[PDB]
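Structure, as structure tokens:
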Amino acid sequence: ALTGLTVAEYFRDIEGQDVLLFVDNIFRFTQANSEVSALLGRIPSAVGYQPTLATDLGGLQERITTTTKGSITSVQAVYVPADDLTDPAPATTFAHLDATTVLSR
Amino acid sequence: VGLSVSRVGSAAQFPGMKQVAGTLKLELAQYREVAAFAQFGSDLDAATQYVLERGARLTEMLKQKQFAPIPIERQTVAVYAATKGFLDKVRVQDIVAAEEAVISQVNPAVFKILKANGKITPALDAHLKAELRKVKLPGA
Amino acid sequence: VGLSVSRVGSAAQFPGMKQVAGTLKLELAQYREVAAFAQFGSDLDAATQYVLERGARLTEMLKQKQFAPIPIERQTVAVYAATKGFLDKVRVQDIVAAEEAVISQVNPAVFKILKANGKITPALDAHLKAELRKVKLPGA
Amino acid sequence: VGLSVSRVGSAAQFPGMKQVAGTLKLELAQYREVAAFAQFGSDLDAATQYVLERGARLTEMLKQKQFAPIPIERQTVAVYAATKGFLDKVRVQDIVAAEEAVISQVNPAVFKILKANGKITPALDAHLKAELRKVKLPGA
Amino acid sequence: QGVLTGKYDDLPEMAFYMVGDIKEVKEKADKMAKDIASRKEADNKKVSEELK
Amino acid sequence: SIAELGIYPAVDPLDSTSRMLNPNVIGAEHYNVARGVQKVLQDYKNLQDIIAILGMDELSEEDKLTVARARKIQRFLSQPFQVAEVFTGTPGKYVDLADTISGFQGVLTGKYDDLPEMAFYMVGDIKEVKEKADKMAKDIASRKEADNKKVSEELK
Amino acid sequence: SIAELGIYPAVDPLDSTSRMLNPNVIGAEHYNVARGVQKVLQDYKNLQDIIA
Amino acid sequence: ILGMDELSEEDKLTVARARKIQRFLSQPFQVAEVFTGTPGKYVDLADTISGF
Amino acid sequence: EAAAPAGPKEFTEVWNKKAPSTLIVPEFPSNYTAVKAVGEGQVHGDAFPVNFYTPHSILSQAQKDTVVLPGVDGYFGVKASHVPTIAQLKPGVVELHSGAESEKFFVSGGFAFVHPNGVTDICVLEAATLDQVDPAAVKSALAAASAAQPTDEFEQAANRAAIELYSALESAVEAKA
Amino acid sequence: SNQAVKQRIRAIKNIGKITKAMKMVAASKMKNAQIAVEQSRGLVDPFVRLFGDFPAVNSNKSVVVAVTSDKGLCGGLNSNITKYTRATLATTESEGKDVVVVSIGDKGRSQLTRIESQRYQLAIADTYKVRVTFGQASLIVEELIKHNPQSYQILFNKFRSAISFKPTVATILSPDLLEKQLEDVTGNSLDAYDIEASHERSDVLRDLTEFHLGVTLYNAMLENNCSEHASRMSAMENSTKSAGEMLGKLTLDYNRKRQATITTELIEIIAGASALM
């Protein structure tokens, strides 16, 4: 997801455009950073996510912004584990979301 | 009662109690199976209402005070008087005082022969049914 | 309103606002007794219809747009207009328009008195009730 | 049926099944929404009881014995014999002589044409509806 | 098979309780309908009289 | 959850215990009332989900008397404090011991089935529930009391 | 739950499973009365929701 | 549970309004026109507000 | 002598004293009737409203100009302003007329009112139009009626009722117009 | 600990399926029994047009019926008219008169034999098991001719709409007891009618007030049956809303206990691993 931001940030900071950025399953960004934290021997936080969960998500989502040269807009597919919105992975993600598009069957 | 079990069951209790508590463990199971059916108030065919009147009269039998234990001959007479007759027309609010008639006003030599025998002999089953009609219970 | 408390700044309250919000949270207290079973639960009684059509007026009185804070001397007149009954004729759809018409059409000299005296003096509520009966409330 | 997903979906299934099982999962989805009505005696307005009897015979169309898999052209016919209205809407005393009676009495030529084309053509359901009405089951 | 197909709806429900074969529930319904046809006499000629 | 009903002090009557609640210590008359208050409060808690998902119309007429009495004593366990009078406005009530045992005999026996439930809320004694039941019915008759006019004061 | 109803042995008739419950092993007459008992006992477990 | 017959006059105009509001929330896409035939529509915000 | 005026508005005076004010006043069947009998009108010429009733069906509530009812002293016609009449009807044909056409319901009994405000009311228990009756079943039941003779006069109270109902039904269709 | 809240969620979830299925059962029964109520409303109109409507009569004997429901999931219907029974009975009994209290429906035989037991002579039930017919209402009215009172109070819920149910009292005055006397207006109001019947007016009025009793008893238990199905339709909407608020609150209680469980045993593993590593 940082590789995708870097291609988006060239079009924002050098080309000066309004970039779209699609992060398919932002929860799998969280889940993969939870696995890296567990392999480095770090003690897990609440339910089993990384202790750096708010700052590993927040380090990604704070680079998605509008600047004076351009903009980056992000459409992130959100999975909710066990349909629990109070789970710490969607609850940390929902603090960064500026809109919500629910596609219904 | 639905959760408290014992591994020994028989052969480790009073033989006189084992005759009268077998029809108490059985008949309290019929009281709990109808307590999940007491919100409607239909009480059909006089069955789920008769055991609701007698099973409520058996849980009030087992209530007792603190720091005052009862001898086993006075326990197997008090529950003799509830699984059998002699308490069928007593309100469920004053059974706890009704056993003080059953313990004191019944002739206390029926406890000495029940303690020494160990079981309720049919010669004593007559006197336990005779002397339980001679007592006046204050339930009214 | 039921869970939010402040028991330290209650003694540090603007008087006059303390005079009229003792009635406001008392009327909103019995408004929460008619909460979600007005007729949604079983039925309607139509005697406490008055508090349902007044607690909904005190609810709409306390709604407020963003980034527009009100001075305290103009808040207590908007609660004096609501808790005394000067907006009972106003329908519930146009109360945010009514109290905005209350502060605009009542003369601004009364806000200098209530700020400086720090309380609704008995000289002031006469001129307040005089100025509150000559305002053109929308609708009705 | 409600919890089992296939993300490839109908894009990798039999075309003779895709036109027949496309409505099978739609009648089964309606059957799950009214599945509480199945345990009732007071019958409703027959738009739901049409679901409740067609849906309950569609689940019996998906039962299967162990270690006996069915070829695909014999499954699309047996679901065509339940989704197109050829159902056993007689009294369902006679199940054992009527469940397998579709694939055993309908002539084996229609299974060869359905396997070779992979699709129920308009020149094939004209014989499939012709063969489904001449089911014998002569033990009844 | 008899309880499933319906041969033994003739028997009461708790007659099946704590028995062995199907010929024991069928004879427990004999004993259960003798003993409820008891408890009919309550006057005398019982054990509670002392002179026997 | 007791405090969210507005009942203060928010004491759980079926979770608070004491070694003094023994009939050989506090007397058998005080002990039998407390065990009777805890009996109908537990019986009201056993009905708490039937009253939720089905309402009070499905209960027995001997259990709707259990609900109405237990809804009365859990308002009658509420009490205004002398240290809470600063932020609640109502003055504090010190209730004597004999006034509590006699006040809770009356709601258990049925001596106060006439009074409403909210008359028991935040009062000291069983004297004060009768004086609040009158004030709740003087005040609904006070809607027809008078039309207050403030006249001829502008030059006073 | 079976033991608290006084039924002994307190075997769950549904949760119990064997490799011998197969019509190719014990015969289709023993098998069908076994599945018939589990059918009527599962139907009673789904009806006790609406009986209360 | 009751039907479209007994709906009120001010409760079946909103039914007839919300049925065509939710039709006008649909839109053909240019990326889907290569296999659906109908061309896609780019709708401006000024035409979306006044159109609704 | 009218010193005791019971009534719907007079039920509320005693109900506001003994019964509490927690309940609203109970309703009465007079509060659901738009038509009464003592307030005159409803005729305005040659028509009069006819309400033909079974317990299971309202058969007519229109305005007619001739109603022929089978009273126990014989058939009689009701014009626009008939005399106020409480007429007990036997089994026979209630005949409605709005004009040149006529509908012939065969009724089994039950009374018929003519009211002083010109409205009329026919109150039967079973009214079958004669196209719903077939005469092959009628006197085969009279053959079962006037043949059996039980001296229990509760049964020949029913058998007398069986005779006059079936015999008036035979002539209801054999005397066709 | 965590399974007790899991299968209690399974309890409230399909109770919300039961009470949502029961609501449409009570709504389908309300729709087909609505046309029978409109048809039975016709025949009660000529009798209050003829005999009037005299509730507050002075009697020496009175048979009061209270038309209740049979199955008791109606939610406030049968209790409301038992309030309206004694609010009507005690209004009209202050003369030291005889009173017989009858109940149609066995929810009244559980509700009226504890508030008026000394005056309860009859209990009628199972009147809605198949349907309400006029011959069934005639035999019920025939047992009210065994006692021969001067009035017949009929307490029932009139089906106003699917929302509102007005409790209605209806009185039938016995012919030679009180009906001939309560129509006297300088003579009689009934003397304007010409009797075209077999025997005299004292026998016509005896056949008419038995007809008037049987007609308004057929309408009462048919109005009350449609009010039973329509108040059950509202009491079961309030049960799906209550078992959907209970289920929504208990889902969050499970989700907090789910999240606390994964956090608890994970801390037990790290504390056991940090003791070794």
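Chain identifiers are assigned as A, B, and so on, following the order in which chains appear in the structure tokens; residues are numbered from 1 within each chain, and ligands are numbered from 1 in order of appearance.
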
Worksheet entry | Residues within 9 Å of residue 218 of chain J, only C-alpha atoms, excluding chain neighbours under 4 positions, as JSON, numbers by chain | {"I": [55], "J": [40, 132, 133, 134, 135, 136, 137, 138, 213, 214, 222, 223]}

I need the chosen residues saved as an mmCIF file, in the first residue's frame, with N, CA and C atoms.
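Result written to selection.cif:
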data_model
loop_
_atom_site.group_PDB
_atom_site.id
_atom_site.type_symbol
_atom_site.label_atom_id
_atom_site.label_comp_id
_atom_site.auth_asym_id
_atom_site.auth_seq_id
_atom_site.Cartn_x
_atom_site.Cartn_y
_atom_site.Cartn_z
ATOM 1 N N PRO I 55 -78.251 -11.945 9.394
ATOM 2 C CA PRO I 55 -77.086 -11.785 10.282
ATOM 3 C C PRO I 55 -75.747 -11.854 9.566
ATOM 4 N N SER J 40 -72.444 -7.900 9.786
ATOM 5 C CA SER J 40 -73.204 -8.031 11.023
ATOM 6 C C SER J 40 -73.554 -6.689 11.649
ATOM 7 N N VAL J 132 -67.671 -17.837 14.284
ATOM 8 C CA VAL J 132 -68.829 -17.347 15.019
ATOM 9 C C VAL J 132 -70.035 -17.435 14.095
ATOM 10 N N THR J 133 -71.056 -18.171 14.524
ATOM 11 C CA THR J 133 -72.285 -18.325 13.766
ATOM 12 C C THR J 133 -73.453 -17.796 14.586
ATOM 13 N N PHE J 134 -74.572 -17.540 13.904
ATOM 14 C CA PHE J 134 -75.732 -16.993 14.598
ATOM 15 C C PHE J 134 -76.428 -18.044 15.448
ATOM 16 N N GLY J 135 -76.392 -19.309 15.026
ATOM 17 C CA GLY J 135 -76.959 -20.366 15.843
ATOM 18 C C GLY J 135 -76.159 -20.630 17.100
ATOM 19 N N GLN J 136 -74.842 -20.429 17.036
ATOM 20 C CA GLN J 136 -74.014 -20.498 18.234
ATOM 21 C C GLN J 136 -74.329 -19.349 19.178
ATOM 22 N N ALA J 137 -74.490 -18.142 18.632
ATOM 23 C CA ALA J 137 -74.879 -16.993 19.438
ATOM 24 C C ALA J 137 -76.316 -17.088 19.928
ATOM 25 N N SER J 138 -77.155 -17.888 19.268
ATOM 26 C CA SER J 138 -78.520 -18.086 19.737
ATOM 27 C C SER J 138 -78.566 -19.010 20.946
ATOM 28 N N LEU J 213 -81.418 -9.776 21.485
ATOM 29 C CA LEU J 213 -80.291 -10.291 22.252
ATOM 30 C C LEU J 213 -79.378 -11.133 21.375
ATOM 31 N N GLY J 214 -79.958 -12.012 20.556
ATOM 32 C CA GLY J 214 -79.151 -12.894 19.732
ATOM 33 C C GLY J 214 -78.445 -12.188 18.596
ATOM 34 N N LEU J 222 -68.326 -11.072 17.313
ATOM 35 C CA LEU J 222 -67.692 -10.946 16.012
ATOM 36 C C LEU J 222 -66.900 -9.648 15.914
ATOM 37 N N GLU J 223 -67.420 -8.562 16.501
ATOM 38 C CA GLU J 223 -66.641 -7.333 16.651
ATOM 39 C C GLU J 223 -65.438 -7.555 17.558
#

Worksheet item: Where in segment 6-124 of chain I does DSSP assign strand (DSSP E), given as a count of residues only?
Response: 48

Closest atom pairs, chain B residues within 7 Å of chain F, only C-alpha atoms, as a tab-separated table:
residue	atom	partner	partner_atom	distance
B:39	CA	F:59	CA	6.1
B:40	CA	F:58	CA	6.9
B:41	CA	F:60	CA	6.8

Practice prompt. Please provide the set of residues having any atom within 9 Å of residue 125 of chain F, restricted to only C-alpha atoms, with same-chain residues fewer than 5 positions apart removed, written as a PyMOL selection string.
Written response: chain F and resi 76+93-96+99-100+103

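Chain B and chain C, identical in sequence, superpose over all their Cα atoms with an RMSD of 1.7 Å.
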
Fill in: chain A contacts to chain J at 9 Å (only C-alpha atoms) as a list in words
residues 43, 44, 45, 46, 47, 48, 82, 84, 86 and 87 of chain A

Practice prompt. Taking only C-alpha atoms into account, report as a ChimeraX atom specification which residues of chain J lie within 12 Å of chain G.
Written response: /J:10-19,21-22

Please provide as an mmCIF file with C-alpha atoms, in the first residue's frame all residues within 6 Å of segment 42-47 of chain I, with the sequence filter that same-chain residues fewer than 6 positions apart are discarded (counting only C-alpha atoms).
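Okay, selection.cif is ready:
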data_model
loop_
_atom_site.group_PDB
_atom_site.id
_atom_site.type_symbol
_atom_site.label_atom_id
_atom_site.label_comp_id
_atom_site.auth_asym_id
_atom_site.auth_seq_id
_atom_site.Cartn_x
_atom_site.Cartn_y
_atom_site.Cartn_z
ATOM 1 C CA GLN I 63 -84.543 3.137 -1.680
ATOM 2 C CA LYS I 64 -87.565 1.356 -3.153
ATOM 3 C CA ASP I 65 -91.192 2.290 -3.793
ATOM 4 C CA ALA I 80 -93.739 5.218 0.398
#

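Neighbouring residues of segment 28-41 of chain A at 8 Å or closer, counting only C-alpha atoms and skipping chain neighbours under 2 positions away, are residues 1, 25, 26, 43, 44, 48, 49, 50, 53, 56, 57 and 89 of chain A.
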
For the residues selected in the previous step, produce a file with C-alpha atoms as a tab-separated table (two decimals), in the first residue's frame.
chain	number	residue	atom	x	y	z
A	1	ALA	CA	0.00	0.00	0.00
A	25	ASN	CA	-9.30	-4.43	1.37
A	26	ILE	CA	-7.67	-1.92	3.75
A	43	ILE	CA	3.42	-7.98	22.23
A	44	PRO	CA	-0.05	-7.75	20.63
A	48	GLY	CA	-4.56	-9.50	18.57
A	49	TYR	CA	-3.75	-6.55	16.40
A	50	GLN	CA	-0.39	-4.79	16.51
A	53	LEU	CA	-2.20	-0.30	14.82
A	56	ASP	CA	0.65	2.00	11.00
A	57	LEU	CA	-2.79	2.79	9.63
A	89	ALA	CA	-9.33	-2.72	12.88

Cut-off 12 Å: closest chain E/chain G atom pairs per residue, using only C-alpha atoms, as a Markdown table:
| residue | atom | partner | partner_atom | distance |
| --- | --- | --- | --- | --- |
| E:1 | CA | G:33 | CA | 6.1 |
| E:2 | CA | G:33 | CA | 9.7 |
| E:3 | CA | G:37 | CA | 9.1 |
| E:4 | CA | G:36 | CA | 7.0 |
| E:5 | CA | G:36 | CA | 9.3 |
| E:14 | CA | G:7 | CA | 11.1 |
| E:16 | CA | G:7 | CA | 10.9 |
| E:17 | CA | G:7 | CA | 7.8 |
| E:18 | CA | G:8 | CA | 7.9 |
| E:19 | CA | G:8 | CA | 10.8 |

Worksheet item: Please, which residues of chain D lie no more than 12 Å from chain G when the count uses only C-alpha atoms, and can they be set out as a ChimeraX atom specification?
Response: /D:35-41,65-67

Discussion item. Only residues of chain H matter here; which ones have an atom within 12 Å of chain J, counting only C-alpha atoms? Give them as a PyMOL selection string.
Written reply: chain H and resi 1-3+6

Writer output for current selection, N, CA and C atoms, as a PDB file, in the first residue's frame:
ATOM      1  N   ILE H   1     -48.065  -6.443   4.902  1.00  0.00           N
ATOM      2  CA  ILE H   1     -49.015  -7.083   5.803  1.00  0.00           C
ATOM      3  C   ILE H   1     -50.459  -6.618   5.600  1.00  0.00           C
ATOM      4  N   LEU H   2     -50.680  -5.436   5.021  1.00  0.00           N
ATOM      5  CA  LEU H   2     -52.031  -4.942   4.771  1.00  0.00           C
ATOM      6  C   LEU H   2     -52.314  -4.770   3.284  1.00  0.00           C
ATOM      7  N   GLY H   3     -51.496  -4.017   2.568  1.00  0.00           N
ATOM      8  CA  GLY H   3     -51.622  -3.909   1.127  1.00  0.00           C
ATOM      9  C   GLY H   3     -51.545  -2.479   0.625  1.00  0.00           C
ATOM     10  N   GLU H   6     -55.123   0.207   1.028  1.00  0.00           N
ATOM     11  CA  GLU H   6     -55.501   1.084   2.125  1.00  0.00           C
ATOM     12  C   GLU H   6     -54.457   2.152   2.431  1.00  0.00           C
TER      13      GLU H   6
END

Cut-off 9 Å: closest chain F/chain J atom pairs per residue, using only C-alpha atoms, as JSON lines:
{"residue": "F:52", "atom": "CA", "partner": "J:242", "partner_atom": "CA", "distance": 6.5}
{"residue": "F:53", "atom": "CA", "partner": "J:242", "partner_atom": "CA", "distance": 5.1}
{"residue": "F:54", "atom": "CA", "partner": "J:239", "partner_atom": "CA", "distance": 5.8}
{"residue": "F:55", "atom": "CA", "partner": "J:75", "partner_atom": "CA", "distance": 7.5}
{"residue": "F:56", "atom": "CA", "partner": "J:75", "partner_atom": "CA", "distance": 8.2}
{"residue": "F:57", "atom": "CA", "partner": "J:75", "partner_atom": "CA", "distance": 5.2}
{"residue": "F:58", "atom": "CA", "partner": "J:75", "partner_atom": "CA", "distance": 6.7}
{"residue": "F:61", "atom": "CA", "partner": "J:111", "partner_atom": "CA", "distance": 7.6}

Take the residues from that selection and write them out as an mmCIF file, in the first residue's frame, keeping N, CA, C and O atoms.
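Final output, again.cif:
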data_model
loop_
_atom_site.group_PDB
_atom_site.id
_atom_site.type_symbol
_atom_site.label_atom_id
_atom_site.label_comp_id
_atom_site.auth_asym_id
_atom_site.auth_seq_id
_atom_site.Cartn_x
_atom_site.Cartn_y
_atom_site.Cartn_z
ATOM 1 N N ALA F 52 -40.410 -7.432 29.120
ATOM 2 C CA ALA F 52 -39.736 -6.759 28.016
ATOM 3 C C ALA F 52 -40.310 -7.188 26.671
ATOM 4 O O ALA F 52 -40.827 -6.361 25.912
ATOM 5 N N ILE F 53 -40.241 -8.486 26.359
ATOM 6 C CA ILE F 53 -40.604 -8.947 25.021
ATOM 7 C C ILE F 53 -42.096 -9.186 24.843
ATOM 8 O O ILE F 53 -42.543 -9.389 23.704
ATOM 9 N N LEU F 54 -42.885 -9.168 25.918
ATOM 10 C CA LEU F 54 -44.317 -9.407 25.804
ATOM 11 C C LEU F 54 -45.187 -8.389 26.528
ATOM 12 O O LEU F 54 -46.403 -8.398 26.318
ATOM 13 N N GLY F 55 -44.618 -7.512 27.346
ATOM 14 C CA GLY F 55 -45.409 -6.548 28.083
ATOM 15 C C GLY F 55 -46.025 -7.132 29.338
ATOM 16 O O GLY F 55 -45.955 -8.329 29.618
ATOM 17 N N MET F 56 -46.654 -6.249 30.110
ATOM 18 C CA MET F 56 -47.280 -6.631 31.369
ATOM 19 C C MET F 56 -48.668 -7.225 31.193
ATOM 20 O O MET F 56 -49.258 -7.680 32.178
ATOM 21 N N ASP F 57 -49.201 -7.240 29.975
ATOM 22 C CA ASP F 57 -50.542 -7.753 29.745
ATOM 23 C C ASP F 57 -50.593 -9.273 29.720
ATOM 24 O O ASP F 57 -51.688 -9.844 29.744
ATOM 25 N N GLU F 58 -49.443 -9.934 29.666
ATOM 26 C CA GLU F 58 -49.374 -11.382 29.592
ATOM 27 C C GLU F 58 -49.145 -12.028 30.949
ATOM 28 O O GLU F 58 -49.162 -13.257 31.048
ATOM 29 N N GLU F 61 -52.623 -12.286 37.248
ATOM 30 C CA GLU F 61 -53.137 -11.238 38.115
ATOM 31 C C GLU F 61 -52.533 -11.306 39.509
ATOM 32 O O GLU F 61 -52.647 -10.339 40.270
#

Discussion item. At a cut-off of 7 Å, using only C-alpha atoms, what residues contact segment 2-14 of chain F? Leave out same-chain residues fewer than 4 positions from it and give the result as a list in words.
Written reply: residues 38, 75, 78 and 79 of chain F

Worksheet entry | Residue set, chain C restricted to helix (DSSP H, G or I), as a PyMOL selection string | chain C and resi 17-34+49-62+72-83+92-105+109-117+124-132

Item to complete: Skip residue 19 of chain G itself and residues of its chain fewer than 6 positions away, then list as a VMD selection string all residues within 12 Å of it, counting only C-alpha atoms.
Response: chain G and resid 25 to 26 31

Discussion item. Should the cut-off be 6 Å, what would the residue list for chain I against chain J look like, counting only C-alpha atoms, as a ChimeraX atom specification?
Written reply: /I:1,6-7,11,15,18-19,26-28,36-37,53,55-58,84-88

Selected residues written out, N, CA, C and O atoms, as a PDB file, in the first residue's frame:
ATOM      1  N   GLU I   1     -95.537   7.433  31.660  1.00  0.00           N
ATOM      2  CA  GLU I   1     -94.986   8.333  32.663  1.00  0.00           C
ATOM      3  C   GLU I   1     -93.459   8.280  32.555  1.00  0.00           C
ATOM      4  O   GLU I   1     -92.870   7.199  32.543  1.00  0.00           O
ATOM      5  N   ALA I   6     -83.738   7.032  31.098  1.00  0.00           N
ATOM      6  CA  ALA I   6     -82.491   6.364  30.752  1.00  0.00           C
ATOM      7  C   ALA I   6     -82.092   6.707  29.321  1.00  0.00           C
ATOM      8  O   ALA I   6     -82.940   6.921  28.451  1.00  0.00           O
ATOM      9  N   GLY I   7     -80.787   6.765  29.082  1.00  0.00           N
ATOM     10  CA  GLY I   7     -80.283   7.192  27.800  1.00  0.00           C
ATOM     11  C   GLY I   7     -78.771   7.210  27.732  1.00  0.00           C
ATOM     12  O   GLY I   7     -78.080   7.028  28.739  1.00  0.00           O
ATOM     13  N   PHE I  11     -76.390   8.038  30.770  1.00  0.00           N
ATOM     14  CA  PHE I  11     -75.508   7.049  31.378  1.00  0.00           C
ATOM     15  C   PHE I  11     -74.228   7.694  31.890  1.00  0.00           C
ATOM     16  O   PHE I  11     -73.627   7.199  32.848  1.00  0.00           O
ATOM     17  N   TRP I  15     -71.889   7.680  35.552  1.00  0.00           N
ATOM     18  CA  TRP I  15     -70.585   7.105  35.259  1.00  0.00           C
ATOM     19  C   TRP I  15     -69.442   8.048  35.603  1.00  0.00           C
ATOM     20  O   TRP I  15     -68.303   7.593  35.749  1.00  0.00           O
ATOM     21  N   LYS I  18     -69.229   7.175  40.098  1.00  0.00           N
ATOM     22  CA  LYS I  18     -68.752   5.914  40.649  1.00  0.00           C
ATOM     23  C   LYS I  18     -67.586   5.354  39.843  1.00  0.00           C
ATOM     24  O   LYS I  18     -66.572   4.943  40.415  1.00  0.00           O
ATOM     25  N   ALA I  19     -67.712   5.332  38.524  1.00  0.00           N
ATOM     26  CA  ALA I  19     -66.588   4.927  37.701  1.00  0.00           C
ATOM     27  C   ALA I  19     -65.563   6.057  37.626  1.00  0.00           C
ATOM     28  O   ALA I  19     -65.934   7.232  37.561  1.00  0.00           O
ATOM     29  N   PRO I  26     -67.839   4.583  27.855  1.00  0.00           N
ATOM     30  CA  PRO I  26     -68.037   3.468  26.926  1.00  0.00           C
ATOM     31  C   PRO I  26     -69.049   3.810  25.849  1.00  0.00           C
ATOM     32  O   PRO I  26     -70.003   4.558  26.069  1.00  0.00           O
ATOM     33  N   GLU I  27     -68.824   3.248  24.668  1.00  0.00           N
ATOM     34  CA  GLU I  27     -69.673   3.543  23.531  1.00  0.00           C
ATOM     35  C   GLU I  27     -70.988   2.775  23.624  1.00  0.00           C
ATOM     36  O   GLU I  27     -71.150   1.845  24.418  1.00  0.00           O
ATOM     37  N   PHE I  28     -71.940   3.195  22.804  1.00  0.00           N
ATOM     38  CA  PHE I  28     -73.272   2.623  22.734  1.00  0.00           C
ATOM     39  C   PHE I  28     -73.624   2.383  21.276  1.00  0.00           C
ATOM     40  O   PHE I  28     -73.114   3.079  20.394  1.00  0.00           O
ATOM     41  N   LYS I  36     -82.520   7.063  12.446  1.00  0.00           N
ATOM     42  CA  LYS I  36     -83.375   6.744  13.582  1.00  0.00           C
ATOM     43  C   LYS I  36     -84.816   6.597  13.096  1.00  0.00           C
ATOM     44  O   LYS I  36     -85.087   6.571  11.894  1.00  0.00           O
ATOM     45  N   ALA I  37     -85.746   6.486  14.044  1.00  0.00           N
ATOM     46  CA  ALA I  37     -87.155   6.305  13.719  1.00  0.00           C
ATOM     47  C   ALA I  37     -88.039   7.478  14.104  1.00  0.00           C
ATOM     48  O   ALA I  37     -89.051   7.711  13.442  1.00  0.00           O
ATOM     49  N   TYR I  53     -81.985  -7.405   5.731  1.00  0.00           N
ATOM     50  CA  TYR I  53     -80.866  -7.868   6.538  1.00  0.00           C
ATOM     51  C   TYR I  53     -80.981  -9.344   6.883  1.00  0.00           C
ATOM     52  O   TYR I  53     -82.045  -9.823   7.281  1.00  0.00           O
ATOM     53  N   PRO I  55     -78.251 -11.945   9.394  1.00  0.00           N
ATOM     54  CA  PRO I  55     -77.086 -11.785  10.282  1.00  0.00           C
ATOM     55  C   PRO I  55     -75.747 -11.854   9.566  1.00  0.00           C
ATOM     56  O   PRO I  55     -74.767 -11.287  10.062  1.00  0.00           O
ATOM     57  N   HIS I  56     -75.675 -12.505   8.408  1.00  0.00           N
ATOM     58  CA  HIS I  56     -74.417 -12.716   7.712  1.00  0.00           C
ATOM     59  C   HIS I  56     -74.229 -11.816   6.500  1.00  0.00           C
ATOM     60  O   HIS I  56     -73.127 -11.792   5.941  1.00  0.00           O
ATOM     61  N   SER I  57     -75.255 -11.081   6.076  1.00  0.00           N
ATOM     62  CA  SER I  57     -75.146 -10.302   4.851  1.00  0.00           C
ATOM     63  C   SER I  57     -76.161  -9.169   4.853  1.00  0.00           C
ATOM     64  O   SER I  57     -77.324  -9.370   5.209  1.00  0.00           O
ATOM     65  N   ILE I  58     -75.710  -7.987   4.448  1.00  0.00           N
ATOM     66  CA  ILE I  58     -76.593  -6.867   4.152  1.00  0.00           C
ATOM     67  C   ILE I  58     -77.038  -7.028   2.707  1.00  0.00           C
ATOM     68  O   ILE I  58     -76.234  -6.896   1.782  1.00  0.00           O
ATOM     69  N   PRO I  84     -96.852   2.980  10.521  1.00  0.00           N
ATOM     70  CA  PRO I  84     -95.835   2.317  11.354  1.00  0.00           C
ATOM     71  C   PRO I  84     -96.290   0.942  11.819  1.00  0.00           C
ATOM     72  O   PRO I  84     -97.341   0.792  12.443  1.00  0.00           O
ATOM     73  N   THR I  85     -95.493  -0.069  11.482  1.00  0.00           N
ATOM     74  CA  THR I  85     -95.902  -1.460  11.602  1.00  0.00           C
ATOM     75  C   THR I  85     -94.729  -2.295  12.086  1.00  0.00           C
ATOM     76  O   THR I  85     -93.616  -2.157  11.575  1.00  0.00           O
ATOM     77  N   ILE I  86     -94.976  -3.144  13.078  1.00  0.00           N
ATOM     78  CA  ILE I  86     -94.071  -4.226  13.440  1.00  0.00           C
ATOM     79  C   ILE I  86     -94.766  -5.511  13.014  1.00  0.00           C
ATOM     80  O   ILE I  86     -95.685  -5.990  13.688  1.00  0.00           O
ATOM     81  N   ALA I  87     -94.342  -6.070  11.887  1.00  0.00           N
ATOM     82  CA  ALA I  87     -95.014  -7.205  11.271  1.00  0.00           C
ATOM     83  C   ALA I  87     -94.120  -8.431  11.352  1.00  0.00           C
ATOM     84  O   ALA I  87     -93.018  -8.437  10.798  1.00  0.00           O
ATOM     85  N   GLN I  88     -94.596  -9.462  12.040  1.00  0.00           N
ATOM     86  CA  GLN I  88     -93.905 -10.740  12.061  1.00  0.00           C
ATOM     87  C   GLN I  88     -94.154 -11.465  10.748  1.00  0.00           C
ATOM     88  O   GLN I  88     -95.301 -11.598  10.316  1.00  0.00           O
TER      89      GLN I  88
END
